[PDB]
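Protein chains: 2
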Amino acid sequence: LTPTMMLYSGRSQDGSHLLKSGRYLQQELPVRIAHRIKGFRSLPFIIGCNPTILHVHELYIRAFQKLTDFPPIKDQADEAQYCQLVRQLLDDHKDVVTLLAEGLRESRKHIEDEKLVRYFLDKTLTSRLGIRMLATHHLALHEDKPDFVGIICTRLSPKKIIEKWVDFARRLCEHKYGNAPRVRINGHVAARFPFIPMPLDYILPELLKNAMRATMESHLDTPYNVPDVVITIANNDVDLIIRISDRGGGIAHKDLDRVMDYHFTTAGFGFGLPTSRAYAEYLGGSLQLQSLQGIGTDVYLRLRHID
Amino acid sequence: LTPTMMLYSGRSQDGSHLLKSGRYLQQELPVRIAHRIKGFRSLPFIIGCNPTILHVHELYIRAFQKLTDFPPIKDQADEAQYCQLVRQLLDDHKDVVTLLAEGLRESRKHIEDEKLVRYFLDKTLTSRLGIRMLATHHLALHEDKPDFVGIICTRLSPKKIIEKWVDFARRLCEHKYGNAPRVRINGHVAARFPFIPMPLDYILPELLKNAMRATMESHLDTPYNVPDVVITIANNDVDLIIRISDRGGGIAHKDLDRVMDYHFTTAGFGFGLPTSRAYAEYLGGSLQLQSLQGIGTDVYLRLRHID
Ligand SMILES: Nc1ncnc2c1ncn2[C@@H]1O[C@H](COP(=O)(O)OP(=O)(O)NP(=O)(O)O)[C@@H](O)[C@H]1O
Ligand SMILES: Nc1ncnc2c1ncn2[C@@H]1O[C@H](COP(=O)(O)OP(=O)(O)NP(=O)(O)O)[C@@H](O)[C@H]1O
Ligand SMILES: O=C(O)[C@@H](Cl)Cc1ccccc1
Ligand SMILES: O=C(O)[C@@H](Cl)Cc1ccccc1
Ligand SMILES: [K+]
Ligand SMILES: [K+]
Ligand SMILES: [Mg+2]
Ligand SMILES: [Mg+2]
């Protein structure tokens, strides 16, 4: 399970579990989308009038209409068509973070309660993650993948998923700078346990891109020889901790109280850190920074295990 | 300068700076000791009645009496005798932390506001540190040491002072376990800057003893081969950061919210962490912990530079 939301682990050769899951989504999705729409309705007028914000507001209204127009699921044929709707919505909404980032960029500067936008984005993006997790889990229940129950991996290796995003981040970095730091991984490198990959897929590349950028920009004279990024995995009975340590110079004292703000960037829209922290906390984890100004930064991602 | 307190850097071949410093102490010390006595008077009755607490309470009353009985300093002869008094008090009060630790151990368990004892100890021990710093600075103004203005070092090497306490902590550890982790020091190893050693002399051995203990107790099967403790020095224009990282297994989740409490220990009286944090914060710095349960702990000491 996740916040106020359960990921069904059920199984059935008759397929009765798919119907129960689908009926659950049918009950749950319209209510959560309605909460998002209320979020839009309460946005400060001048922000809500932004055409890009209006577009996203309308997307959610359409989603609500489609979800509520769909008849109650009674058989596999109904459930099958519901999945088509769910797939369409997942796709129609895939650029929502980007659209909100852009819609909010300028319009936020008007109102003076800066807490409002942070609150709306935390609430909106985490609810969205939860919705996409539930929806994707349902679809995945149809899949035949070993080591997976829906989107839940029954034996996830933290080292493997980290290496996947390391390779991705390294490619982006090389394309921009001509090279990328090597990454070393230490600690509980052989750990395997049940876990939902999706949050890691969102968070890890954000933290890795940050570490690599900082490392390259502080070693412009020696791009062919930069300090490794060092990742430590700690696996205990309560949580999984992933520490990502770089020698990229640290986060400056003058920037320290701003790096967690949406739209703050020293370079994207400056979303990597605030979104990653909102997601971690939404799931009962946390994201903490330790800056060693002049040396580097340690970032600690903590995510709870599955009970 | 330090909190509401200035360490005089003055100089004079006539020695007029010693008189000005001494008169400053004469003004300042009785007032601060009076505040400590008020602290004792406000302690919960049942704690204040403890014979060891009463003994310390009386020590401070005697100090106040001696300080206020001393006539106004007018010449070098007066100043010279005042230093004798200051030396006597520094010596008479050298075991105060220990006496308070013991006096408070049981008696604190009676009252239910646990915040009270923490507050009294933070306030009492930091004020005491400040007093001992001011007093020792004054005495040291008579000394002829190169690279020192009183207790202020004009070119302190963080690496050197760390190595001094490493050797000390390693000896204690070897005596208890038969071996000690090696310590590596990296980062700004060649840094030198004006700094007051005294807080580092209090804090560093406390953090090093913790790291070494944890390392030895988690490697009982291989005491002859344990993970190094790794210390990173970061020196910037705002602060000095010293990170002490061990592979001693971490601080358990169940203990995490208690390790900063006076008297909490899994083994002294459990004072190393709460005192070290109070001292750091008293000076405008901080002490932060990052636990990787199952792996180790990172401890970050931050102390502000001298303006
Ligand atoms: N490991 C790091 N070292 C140094 N600076 C960092 C580090 N991580 C983040 N920062 C700084 O923190 C700022 C904000 O980070 P972030 O929220 O991820 O947005 P961004 O990287 O600038 N753009 P985005 O692609 O949206 O994530 C960065 O722009 C940097 O100035
Ligand atoms: N680096 C560490 N790794 C694991 N546990 C630690 C570490 N540092 C502190 N602790 C734990 O934190 C507790 C409290 O620390 P502390 O305040 O320094 O008191 P103490 O070491 O037990 N006794 P004292 O000699 O008075 O300092 C310890 O007893 C340990 O259980
Ligand atoms: O904004 C999104 O990505 C989500 Cl909330 C769109 C969606 C709604 C309902 C079901 C699946 C996806
Ligand atoms: O408790 C202490 O160590 C200090 Cl406050 C005693 C003292 C008082 C005054 C001057 C010097 C030392
Ligand atoms: K940001
Ligand atoms: K303690
Ligand atoms: Mg980023
Ligand atoms: Mg200790």
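Those sequence lines, one after another, are chains A and B. Mapped onto full-length UniProt numbering, the consecutive letters of the first sequence carry residue numbers 70 to 336, 365 to 404. Mapped onto full-length UniProt numbering, the consecutive letters of the second sequence carry residue numbers 70 to 336, 365 to 404. Beta carbons: idealized from backbone N, C-alpha and C, even for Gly.
Could you work out which residue in B:116, B:120 and B:326 is closest to residue 385 (chain B) when comparing CA atoms only? In the second sequence, counting from the first residue as 1, residue 385 (chain B) sits at position 288. Nearest C-alpha to residue 385 (chain B): B:326.
Could you please go through the chain and list the residues whose beta-carbon is closer than 7 Å to any non-hydrogen atom of ligand 5? Going down the chain, each residue whose beta-carbon is closer than 7 Å to a heavy atom of ligand 5 shows up: A:328, A:329, A:330, A:331, A:332, A:333, A:334, A:367, A:368, A:369, A:370 and A:371.
At 4 residues or longer, and completely inside the stretch 170 to 247 of chain A: list those alpha helix (DSSP H) runs for me, N to C. 184 to 209 and 227 to 246
Just checking residue 107 (chain A) against ligand 8 - is the residue's beta carbon closer than 7 Å to any of the ligand's heavy atoms? Working through the first sequence from its first residue, we reach residue 107 (chain A) at position 38. Because no heavy atom of ligand 8 lies under 7 Å away, the Cβ of residue 107 (chain A) does not count as near it: no.
Going by DSSP, what residue range makes up the alpha helix (DSSP H) through residue 93 (chain A)? As a first step, residue 93 (chain A) is located in the first sequence; it is residue number 24 there, counting from the start. 85 to 111 is the span of the alpha helix (DSSP H), which, as asked, contains residue 93 (chain A).
When the Cα of residue 228 (chain B) is compared with those of B:310, B:287 and B:126, which residue comes out closest? By 1-based counting over the second sequence, the position of residue 228 (chain B) is 159. Closest option to residue 228 (chain B), Cα to Cα, is B:310.
Suppose contacts are defined by Cβ-Cβ distances below 8 Å. Is residue 116 (chain A) in contact with residue 200 (chain A) by that definition? As a position in the first sequence, residue 116 (chain A) is number 47, starting the count at 1. As a position in the first sequence, residue 200 (chain A) is number 131, starting the count at 1. It is not a contact, given that the beta carbons lie outside the stated cut-off.
Expressed to the nearest angstrom, what Euclidean distance is found between the alpha-carbon atoms of residue 142 (chain A) and residue 123 (chain A)? Position 73 of the first sequence holds residue 142 (chain A). Position 54 of the first sequence holds residue 123 (chain A). Going from the Cα of residue 142 (chain A) to the Cα of residue 123 (chain A) covers about 32 Å.
Could you check which residue in A:239, A:146 and A:160 has the C-alpha nearest to that of residue 128 (chain A)? Counting from one through the first sequence, the residue named residue 128 (chain A) turns up at place 59. When only C-alpha atoms are compared, the closest one is A:160.
Less than 8 Å between the beta carbons of residue 190 (chain B) and residue 234 (chain B), yes or no? In the second sequence, residue 190 (chain B) corresponds to position 121, counting from 1. In the second sequence, residue 234 (chain B) corresponds to position 165, counting from 1. With respect to the 8 Å criterion, residue 190 (chain B) and residue 234 (chain B) are not classified as neighbours on the basis of their beta carbons.
Can you find a C-beta in chain A that's less than 8 Å from the C-beta of residue 382 (chain B)? Translated into the one-based positions of the second sequence, residue 382 (chain B) becomes position 285. Closer than 8 Å: no.
Let me make sure I understand the geometry here. Which of A:372, A:393 and A:381 has the alpha-carbon closest to that of residue 193 (chain A)? Counting from 1 along the first sequence, the entry for residue 193 (chain A) is found at position 124. Checked all of A:372, A:393 and A:381; the closest Cα to residue 193 (chain A) is A:372.
Euclidean distance between Cα positions of residue 379 (chain A) and residue 220 (chain A): Position 282 of the first sequence, counting from 1, holds the residue named residue 379 (chain A). Position 151 of the first sequence, counting from 1, holds the residue named residue 220 (chain A). Put simply, the backbone Cα of residue 379 (chain A) is about 18 Å away from that of residue 220 (chain A).
With burial defined as no fewer than 16 other Cβ atoms inside 10 Å of the residue's Cβ, what is the status of residue 148 (chain A): buried or exposed? To locate residue 148 (chain A), count along the first sequence from 1; it is residue 79. Buried is the call here.
Would residue 251 (chain A) be called buried (16 or more neighbouring beta carbons within 10 Å of its own) or exposed? Residue numbering aside, residue 251 (chain A) sits at position 182 when the first sequence is read from its first letter. Residue 251 (chain A) should be labelled exposed.
Could one say the Cβ of residue 392 (chain A) lies closer than 8 Å to chain B's Cβ atoms, at least one of them? Sequence index remark: in the first sequence, residue 392 (chain A) carries index 295 (1-based). By the rule that beta-carbons nearer than 8 Å mark a contact, residue 392 (chain A) touches chain B.
Closer than 8 Å, CB to CB, is residue 301 (chain A) near chain B or not? What you label residue 301 (chain A) is simply residue 232 of the first sequence in a count that begins at 1. Output row for residue 301 (chain A): interface = yes.
Quick one: is residue 330 (chain B) near chain A, going by C-beta distance under 8 Å? Position 261 of the second sequence, counting from 1, holds the residue named residue 330 (chain B). So, not an interface residue.
Going by beta carbon distance, what residues of the same chain come within less than 6 Å of residue 411 (chain A), once the five residues before and after it are set aside? Since the first residue shown for chain A is 70 and the last is 404, residue 411 (chain A) is missing from the structure and cannot be characterised.
Within the same chain, show all residues whose beta-carbon is closer than 6 Å to that of residue 280 (chain B), passing over the 5 residues directly before and after it, in chain order. Here the question's residue 280 (chain B) lines up with position 211 in the second sequence. Here the set comprises 298, 313 and 315.
Taking only three categories from DSSP, how would you classify residue 264 (chain A)? Working through the first sequence from its first residue, we reach residue 264 (chain A) at position 195. In this structure, residue 264 (chain A) counts as strand in the three-state DSSP scheme.
At the level of alpha carbons, what is the spacing between residue 197 (chain B) and residue 163 (chain B)? The residue labelled residue 197 (chain B) in the question sits at position 128 within the second sequence. The residue labelled residue 163 (chain B) in the question sits at position 94 within the second sequence. If you take the alpha carbons of residue 197 (chain B) and residue 163 (chain B), they lie about 10 Å apart.
For residue 235 (chain B), verify whether its CB is less than 7 Å away from any heavy atom of ligand 3. The sequence position of residue 235 (chain B) within the second sequence is 166, counting from 1. Not one heavy atom of ligand 3 sits closer than 7 Å to the Cβ of residue 235 (chain B).
Check whether the Cβ atoms of residue 260 (chain B) and residue 389 (chain A) lie closer than 8 Å to each other. Locating residue 260 (chain B) in the second sequence gives position 191, where the first residue counts as 1. Locating residue 389 (chain A) in the first sequence gives position 292, where the first residue counts as 1. For residue 260 (chain B) and residue 389 (chain A), no; Cβs fall outside 8 Å.
Taking residue 111 (chain B) as the reference, give the member of B:335, B:126 and B:120 with the closest Cα. Taking the second sequence and counting its residues from 1, the one referred to as residue 111 (chain B) is at position 42. Of the listed residues, the one whose Cα sits closest to residue 111 (chain B) is B:126.
Residues of the stretch 306 to 321 of chain B with Cβ closer than 8 Å to any Cβ of chain A, in chain order: 307, 308, 310, 312 and 319
So that I know if they touch, is there some Cβ in chain A lying closer than 8 Å to that of residue 269 (chain B)? By one-based count along the second sequence, residue 269 (chain B) stands at place 200. Residue 269 (chain B) does not count as touching chain A.
Report the neighbours of residue 404 (chain B) on chain A: residues whose CB is nearer than 8 Å to its CB, in chain order. Residue mapping note: residue 404 (chain B) aligns to position 307 of the second sequence, counting from 1. Those do not exist, as residue 404 (chain B) stays about 15 Å from chain A at its closest Cβ, beyond 8 Å.
Would you tell me roughly how many angstroms separate the C-alpha atoms of residue 332 (chain B) and residue 119 (chain B), rounded to the nearest one? The sequence position of residue 332 (chain B) within the second sequence is 263, counting from 1. The sequence position of residue 119 (chain B) within the second sequence is 50, counting from 1. Spanning the two alpha carbons is a distance of roughly 17 Å.
Going by the C-beta, is residue 86 (chain A) closer than 7 Å to any heavy atom of ligand 3? Mapped onto the first sequence, residue 86 (chain A) falls at position 17. Answer for residue 86 (chain A): no, Cβ out of range of ligand 3.
Quick check on residue 70 (chain A): does DSSP put it in helix, strand or coil? Within the first sequence, numbered from 1, the residue matching residue 70 (chain A) stands at position 1. DSSP places residue 70 (chain A) in coil when its eight states are reduced to three.
CA-CA distance, residue 232 (chain A) and residue 153 (chain A)? Against the first sequence, residue 232 (chain A) aligns to sequence position 163. Against the first sequence, residue 153 (chain A) aligns to sequence position 84. Residue 232 (chain A) and residue 153 (chain A): Cα-Cα distance of roughly 33 Å.
What is the C-beta distance between residue 289 (chain B) and residue 238 (chain B), in whole angstroms, given that I count them as a contact (C-beta under 8 Å)? For the purposes of this step, residue 289 (chain B) is taken as the residue at position 220 of the second sequence. For the purposes of this step, residue 238 (chain B) is taken as the residue at position 169 of the second sequence. Not really, about 19 Å apart at Cβ, beyond 8 Å.
Is any heavy atom in ligand 3 found nearer than 7 Å to the beta carbon of residue 130 (chain A)? Taking the first sequence and counting its residues from 1, the one referred to as residue 130 (chain A) is at position 61. Answer for residue 130 (chain A): no, Cβ out of range of ligand 3.
Closest Cα partner of residue 136 (chain B) within the set B:101, B:292 and B:291: On the second sequence, residue 136 (chain B) is found 67 positions in, with the first residue counted as 1. If we check each option's Cα against that of residue 136 (chain B), B:101 comes out closest.
Would you identify the three-state DSSP class for residue 397 (chain B), choosing helix, strand or coil? The count along the second sequence starts at 1 and reaches residue 397 (chain B) at position 300. Note: residue 397 (chain B) maps to strand in three-state DSSP.
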